[PDB]
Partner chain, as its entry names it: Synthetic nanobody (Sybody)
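What follows is one chain in structure tokens, specifically the form solved without its partner chain.
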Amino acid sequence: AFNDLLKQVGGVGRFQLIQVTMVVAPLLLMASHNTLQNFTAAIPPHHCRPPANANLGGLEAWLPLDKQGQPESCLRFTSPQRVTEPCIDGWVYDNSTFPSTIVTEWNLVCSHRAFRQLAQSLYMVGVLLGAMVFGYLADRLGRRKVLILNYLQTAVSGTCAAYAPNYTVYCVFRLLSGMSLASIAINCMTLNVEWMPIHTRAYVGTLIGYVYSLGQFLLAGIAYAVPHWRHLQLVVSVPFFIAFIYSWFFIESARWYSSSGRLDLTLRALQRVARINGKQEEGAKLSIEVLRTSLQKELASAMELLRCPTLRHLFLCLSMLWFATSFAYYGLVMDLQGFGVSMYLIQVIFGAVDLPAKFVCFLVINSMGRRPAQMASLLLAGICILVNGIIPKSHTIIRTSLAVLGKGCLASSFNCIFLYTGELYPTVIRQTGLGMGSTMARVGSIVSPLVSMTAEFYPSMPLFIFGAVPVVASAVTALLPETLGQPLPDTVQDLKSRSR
């Protein structure tokens, strides 16, 4: 049993802590890269630029007013003061708060403001692609080698996106940066669990969710001192150059080495760690024959989830839970400008509510159960988003509190759905089901920017859609069975026995 070798070579020793911390460090900037468009693509107030030949009645005579008493964003009078025409001569952007964003740089306003959501959608497309493309590559080149490439790719793509000359190049490199960063998080949990004892896997999963939470604090601080979008994009990308330098000293997972049929590589990795842990004597006792004897016992397809009728309803129901959680999450954390409060304050509060929300989730999970915790978190998040759309924008304090509560509930749902998925699937398909569930989360983060484009015609439509989906997801949770206090299933037969 590989757990016995891990315990023999040191268990949770110096090497485990060092490698875990080094590997989990990029998760701090993971959130910054995920939600950078809140600050690099912020929309400042804008209006039609008056004609160059005309002399500034003044500016107020050239801009028609709206119902709220503000100049129209993309309408100007043909003659000074009533025929209105779009901004042929460009827009004038208020630089009091945002000196320059991709919206002001390339005029992604009005007839072109849908390009702002397309850039975020394309970045999440790379995140989905990186999960699938680099997931297969990790199983061939190893988790360490792929992590070295991902640090280089993120630094190069992030720097290149900062120096992008036009919109097309920015979208391509944002997609490329997402590909490596998606596998950075995936290979961070994979490489960590293979070097850590089975009884401490829950700590790794909890820690990764934590490091993502303090990553939201970092983005608000970084974006505050670095308001320019080109500098902000570059600043959050150059640390991966440093991570690339020290990633050469990582130790490849010994479990993967055995799966590749290379026991000599497995033995050297185990002996090297025991040197670090201070157990050279036990490491010297290990031999190639001993590894074969211990790992002999250790040594289904993704289409099985759609073939077995019992597994079908588990895969379908869990997919909606994964989709709706991420679909509503990214439709809410990527709309920080509508609450009437400073965006840096909202980002700080959004990351601050994560800590009590996950703490409350563990209390509810252990007390009432996984299913009531999943229903309550999704239903409350859906209700909070729905009420947010109904309430007028003038209630900045009330609307912010509902968004913060909804964000906390959605973050609560993310923690519960990860634990719920592990205890639902049998051990034969537990890893495949977890990967497929995370895939649907990435799909939800792709469709969410597309739904946000519907604010062109119906301003309240995205909020209604972002809120209605979690409500339906809470209903579909009732079909799932409660797993609190129940033994973990091993085969498909255990699933039928529990249902019967």
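For clarity, a rigid core is taken as the largest C-alpha set superposing within 1.5 Å between two forms. Only residues modelled in both forms are compared. Positions refer to the first chain, counted from 1.
Where the other entries of this protein model the residues before and after it, residue 300 is dropped from at least a third of them. Per the records, residue 192 is modelled in every other compared entry, just as the shown structure includes it, so no third of them leave it out.
Unmodelled residues of the deposited sequence between neighbouring positions residue 65 and residue 66 number none; the chain is continuous.
Per the record, residue 299 and residue 300 are separated by 4 to 9 deposited residues that are missing from the model.
One more form of this protein exists, namely the form deposited with its partner chain bound; it is left out here, but the text below deals with it.
Distance criterion of 4.5 Å from any heavy atom to its partner chain in the deposited bound form singles out 57 from the list 57, 459, 51, 45. Note on contacts: among 78, 260, 97, 427, the single residue with a heavy atom within 4.5 Å of its partner chain in the deposited bound form is 78. Comment: 59 to 67 is the region of 33 to 41, 464 to 472, 59 to 67, 441 to 449 lying near its partner chain in the deposited bound form, near meaning a non-hydrogen atom within 4.5 Å.
At a distance threshold of 4.5 angstroms between non-hydrogen atoms, residue 84 is in contact with its partner chain in the deposited bound form. When the rigid core is held fixed, the Cα atom of residue 25 travels less than 2 angstroms between this form and the one not shown.
In a rigid-core overlay of the protein, residue 480 has its C-alpha displaced by under 2 Å between this form and the one not shown. Where the rigid core is used as the reference frame, a consecutive stretch of 3+ residues with C-alpha displacements of 2 Å or more between this form and the one not shown occurs only at 476 to 479.
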